[PDB]
Amino acid sequence: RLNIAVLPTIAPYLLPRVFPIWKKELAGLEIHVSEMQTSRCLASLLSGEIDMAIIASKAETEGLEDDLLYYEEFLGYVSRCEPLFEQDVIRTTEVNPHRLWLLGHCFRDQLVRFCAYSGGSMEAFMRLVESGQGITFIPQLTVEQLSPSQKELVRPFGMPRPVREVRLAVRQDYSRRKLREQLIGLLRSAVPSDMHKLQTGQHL
Amino acid sequence: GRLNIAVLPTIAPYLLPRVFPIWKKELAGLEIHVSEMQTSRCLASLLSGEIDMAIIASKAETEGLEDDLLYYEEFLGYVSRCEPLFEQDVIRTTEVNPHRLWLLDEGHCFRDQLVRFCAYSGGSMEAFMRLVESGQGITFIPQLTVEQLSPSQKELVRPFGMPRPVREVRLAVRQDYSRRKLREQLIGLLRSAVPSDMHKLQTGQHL
């Protein structure tokens with residue numbers, strides 16, 4: 001049995017894709033997902049309670065390697081009552097500070113960088129925008145798991161458009177290493193190929 | 001004024017979007033901060049003094065906490081196309097198998113009310129709803145959610161068999177507090193933010 005870990009910002013979008021692959025390509029191994037924050041993921045890889053983690057960054061912590069899986073682009077999610085609804089692309093510096101939502105843990109880190117509700121959860125903000133009040137950002141992978149009436153309510157970023165990088169982070173002192181290779185290959189296989197090679201116009 | 005309301009993850013995404021537009025108007029000039037938090041942490045923060053009120057899922061239960069009733073919220077099945085329950089128009093409480101079910105582990109009033117009334121731990125609400133949409137498993141969900149669902153999501157809900165289970169949203173604060181004038185404003189207001197049908201326990205409703 002192995003135990004993979006995942007961040008709330010990736011889990012609900014990746015997992016629905018990956019689970020079937022775990023049944024076919026591996027064959028019955030007691031795998032289970034465990035949702036956890038980016039900071040606790042790392043600490044738990046070190047502590048030994050967890051064996052593997054799909055995280056949003058590199059580790060940069062002794063005793064942890066981290067191999068890259070794929071790239072996932074941030075996109076604007078702009079509510080109906082905004083002046084941005086008219087534009088077809090998010091100008092990085094034409095937004096309003098008194099209506100954006102964000103989560104400390106990898107989502108604000110990349111977005112607040114250039115930019116009354118803390119401890120949030122993706123869906124809540126995503127719904128506020130659907131309601132017609134505010135803006136929030138979203139991982140590209142998610143936009144296609146939206147109803148058609150939902151999808152019209154997204155807008156791409158303007159080049160150079162910001163992007164995060166999902167990666168699988170593990171501890172150097174790992175026993176079954178054979179697997180780390182297997183799992184890495186499957187996870188990259190879980191998402192389409194089109195967002196695996198950094199194209200022109202992506203600068204973190 | 002600098003009230004701090006708390007909400008559970010199972011209420012925040014459904015109730016909050018309702019209140020905020022209403023909260024801009026009636027409570028004019030108040031620097032509020034809403035914060036998603038567990039029910040146990042809610043109470044633990046009610047006592048410490050960092051937050052004044054919590055929209056919670058049960059009675060307050062524990063000396064020093066009052067709780068006024070807000071509303072009642074019914075659970076519904078959320079069943080994937082590849083489940084055998086899709087065939088029924090209602091979930092018989094005891095015709096489901098625990099090999100394709102998901103839930104918010106063993107804590108908080110999604111599990112608190114359901115395992116009592118019944119691999120993926122440390123769960124997250126949204127993850128379960130989308131996973132079922134993919135075609136793998138079942139999870140149950142508070143009625144309020146269904147009101148924000150498109151036609152394709154809505155097609156794959158199946159209610160509970162009567163008596164249908166229901167949880168109880170309430171507003172909880174510690175007595176030692178000045179602005180009761182406001183707190184009340186809040187109880188009636190939150191009640192006003194939601195549809196009318198969820199104020200009176202209807203017929204075929206339990207807990």
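The deposited coordinates derive from X-ray crystallography, with the record listing a resolution of 4.150 Å.

Next up on the list: the overall build of chain B. In terms of helices and strands, chain B carries seven helices and nine strands. Along the first, second and third principal axes, the C-alpha set of chain B runs to 55 × 30 × 30 Å.

With that settled, consider the sheet that holds strand β1 (residues 3–6) of chain A. Strand order in the open sheet formed by seven strands is β6(A)-β4(A)-β7(A)-β3(A)-β1(A)-β2(A)-β5(B), and the pairing between neighbours is mixed. Because the sheet does not close on itself, it has two edges, and the strands there are β6 (135–139) of chain A together with β5 (120–121) of chain B. Relative to strand β3 (residues 52–55) of chain A, β1 of chain A is paired through three bridges, and the arrangement is parallel. Counterpart to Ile-4 of chain A in the pairing with β3 of chain A is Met-52 of chain A. Across the sheet, helix α2 (residues 38–47) of chain A touches β1, β3, β4 (64–78) and β7 (163–171) of chain A, and the angle it forms with β3 of chain A is around 160°.

With that settled, the discussion passes to the pattern of salt bridges. All names here are of chain A. Note that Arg-99 and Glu-82 form a salt bridge whose closest N and O atoms lie 2.6 Å from each other. With a gap of 17 residues between them, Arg-99 in the loop between β4 and α3 (108–111) and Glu-82 in the loop between β4 and α3 connect regions that are remote in the sequence. Between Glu-123 and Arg-127 there is a salt bridge, with the nearest N and O atoms lying 3.9 Å from each other. Separated by four residues within a single helix, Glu-123 and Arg-127 lie in helix α4 (residues 122–131), roughly one turn from each other.

Residue and element names in this part refer to chain B. Where helix α1 (residues 12–26) contacts helix α7 (residues 180–193), the two axes come as close as 9 Å, and the packing angle between them is 125°. Classed by the angle they form, the pair α1 and α7 counts as oblique. Once α1 is placed against α7, the crossing between them reads as right-handed. Residues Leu-15, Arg-18, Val-19, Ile-22, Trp-23 and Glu-26 of α1 touch α7, and the partners they reach there are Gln-185, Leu-186, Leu-189, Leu-190 and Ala-193. Broken down by class, the residue content of the contact of α1 with α7 amounts to eight nonpolar, one polar and two charged.

All names here are of chain B. Per the domain assignment, the segments of chain B are domain 1 (5–71 + 167–206) and domain 2 (74–164). Residue-level contacts link 14 residues of domain 1 with 14 residues of domain 2. The set of elements that each furnish at least two residues to the side of domain 1 that touches domain 2 consists of α1 and β9 (205–206). For the side of domain 1 that touches domain 2, the per-class residue count stands at seven nonpolar, five polar and two charged.

Residues and elements named next belong to chain B. Residues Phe-20 and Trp-23 carry aromatic rings whose centres are separated by 5.9 Å and whose planes lie at 85° to one another, so their mutual orientation is edge-to-face. Here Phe-20 and its partner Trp-23 are both found in helix α1, three residues apart, which amounts to about one turn of the helix. Taking the centre distance of 6.1 Å and the plane angle of 65° together, the rings of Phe-75 and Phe-110 count as edge-to-face. Placement of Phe-75 in strand β4 (residues 66–79) and of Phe-110 in helix α3 (residues 108–114) is noted, with a sequence separation of 35 residues between them.

Glancing now at the interface of chain B and chain A. Size of an interface, as often reported, equals the accessible area lost when the parts are brought together. The interface of chain B with chain A comprises 28 residues on the first partner and 25 residues on the second. Those elements that provide at least two residues to the side of chain B that touches chain A are α1, β2 (34–36), β5 and α4 (125–134) of chain B. Along the lines of polarity and charge, the residues of the side of chain B that touches chain A split into 15 nonpolar, 10 polar and three charged. Two strands pair when backbone bridges link them, and strand β5 (residues 117–118) of chain A and β2 of chain B are joined in this way by two bridges, in the parallel orientation. Bridge pairing links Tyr-117 of chain A to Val-34 of chain B in β2 of chain B.

Residue and element names in this part refer to chain A. Summarising the element assignment, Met-52 is placed in strand β3. Considered as a pair, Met-52 and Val-6 are 46 residues apart in the sequence and their alpha carbons are 8.7 Å apart. Discounting chain neighbours no more than four positions away, the residues touching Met-52 are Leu-2, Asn-3, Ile-4, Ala-5, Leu-45, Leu-168, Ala-169, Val-170, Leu-179, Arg-180 and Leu-183.

Residues and elements named next belong to chain A. What the domain assignment lists for chain A is domain 1 (3–70 + 164–195) and domain 2 (72–151). Using only C-alpha atoms to locate each centre, domain 1 and domain 2 end up separated by 26 Å. Listed by partner, the interface residues are 13 residues for domain 1 and 11 residues for domain 2. Of all the secondary-structure elements, those providing two or more residues to the side of domain 1 that touches domain 2 are α1 (11–26) and β7. The dominant element in the side of domain 1 that touches domain 2, judged by the number of residues it contributes, is α1, at three residues. Of the residues in the side of domain 1 that touches domain 2, the class split is nine nonpolar, two polar and two charged.

What counts as what
- Residues numbered from 1 in each chain as written, not as in the entry; some residues may be left out.
- Chains lettered and ligands numbered in written order.
- Heavy atoms only, no water.
- Residues with missing side-chain atoms left out of burial classes, pairs and counts.
- Helix = DSSP H or I, 4+ residues; strand = E, 2+ residues; numbered from the N terminus.
- Pairing = 2+ DSSP bridges.
- Contact = heavy atoms within 4.5 Å.
- Axes fitted to C-alpha atoms, helices over the stretch in contact; angles between N-to-C directions.
- Salt bridge = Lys/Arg side-chain N within 4 Å of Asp/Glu carboxyl O.
- Parallel < 35°, antiparallel > 145°, perpendicular 65-115°, else oblique.
- Left-handed = near helix turned anticlockwise from the far one by under 90°.
- Nonpolar A, V, L, I, M, F, W, Y, C, P; charged D, E, K, R; others polar.
- Domains from an automatic or database assignment.
- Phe/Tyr/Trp six-rings, centres within 6.5 Å; stacked < 30°, edge-to-face > 60°.

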